[PDB]
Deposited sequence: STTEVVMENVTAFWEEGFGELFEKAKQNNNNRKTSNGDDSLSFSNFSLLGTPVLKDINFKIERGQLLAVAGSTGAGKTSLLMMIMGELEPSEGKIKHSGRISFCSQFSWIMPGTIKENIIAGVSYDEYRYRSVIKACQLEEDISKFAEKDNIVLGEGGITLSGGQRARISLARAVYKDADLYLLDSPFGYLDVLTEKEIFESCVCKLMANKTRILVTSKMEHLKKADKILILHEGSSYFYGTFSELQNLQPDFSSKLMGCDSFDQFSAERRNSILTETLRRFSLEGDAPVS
């Protein structure tokens, strides 16, 4: 099964102190703080892809955290139901095998597991190891490349059967071509009929999305389709540079991207 997600006039603070103060001669104590999310409105139907974009600190992860209940609204309405699956910006590797890391407590299913490792391009990493997917890794994933950790992390999120998938920029340690292929095979094909929210800065991902949400300083800059945004603002393509770009990338990230490029052509 899958779920709708609806937000109506949502405002939220990470600080518990400022939240209560917002819910209240005159005075205005709320001003001493700043809302992380302000007047958020959207509705995504069952099985749709919502792409969320915006510059650093805009509140993209925070929006996901609010769906997950870590951040609570001080105003407005959130509607969604069922199980959540989360893929974080941080790729987390569990002590155990690659199979164990993907399955993560869920019952093993042959067809599902194979679909997922195929979609996330782990077949060559899963067979060309000493003892297949039974090789033991530790917490952190020292013996794995950044690209491997990202793909295992995505595989784990996609293997879980859920009503809502929250994907926080899962391709950032991958090279361009691998990102394009996995977006298509995983997010567009394997997850085709699951409601999903993807944090991304890729214009292509926005193009394929059913709905887009541009966040600016916690506020809704634009909600609708990419075509509508392009028609109103033919310049926006340039503002997409002011989101997540190279040279601002850390050292290990660039090295991971290079390693993923090397993997492609070494075959």
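Several segments of the deposited sequence have no coordinates for C-alpha: 25-41, 285-291, numbered from the first residue.
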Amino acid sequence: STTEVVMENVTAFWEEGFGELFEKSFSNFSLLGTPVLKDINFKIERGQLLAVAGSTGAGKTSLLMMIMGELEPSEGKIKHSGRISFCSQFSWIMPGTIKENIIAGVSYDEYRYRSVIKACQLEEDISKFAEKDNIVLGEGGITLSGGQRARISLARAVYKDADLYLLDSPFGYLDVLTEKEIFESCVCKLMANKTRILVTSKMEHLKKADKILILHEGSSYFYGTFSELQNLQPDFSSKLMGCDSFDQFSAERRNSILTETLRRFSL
From here on, numbers count along this sequence of modelled residues.
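Judged by mean Cα B factor in the deposited record, 125-133 ranks above the other of 125-133 and 189-197. Just going by the entry, 27-35 versus 55-63 on mean CA temperature factor gives the higher value to 27-35. Of the candidates 106, 177, 87, 84, the deposited coordinates give 106 the top C-alpha B factor. Looking only at 184, 168, 110, 161, the residue with the top Cα B factor in the deposited structure is 110. In this PDB entry, residue 243 carries a Cα temperature factor that places it within the highest third of its chain's modelled residues. Ranked within its chain, residue 143 lands in the highest third, by CA B factor from the PDB record. In this PDB entry, the Cα temperature factor of residue 2 sits in the bottom third of its chain's modelled residues, the lowest group. In the deposited entry, the Cα temperature factor of residue 230 sits in the top third of values across the chain's modelled residues. Compared with the other modelled residues of the chain, the Cα B-factor recorded for residue 48 ranks in the lowest third.
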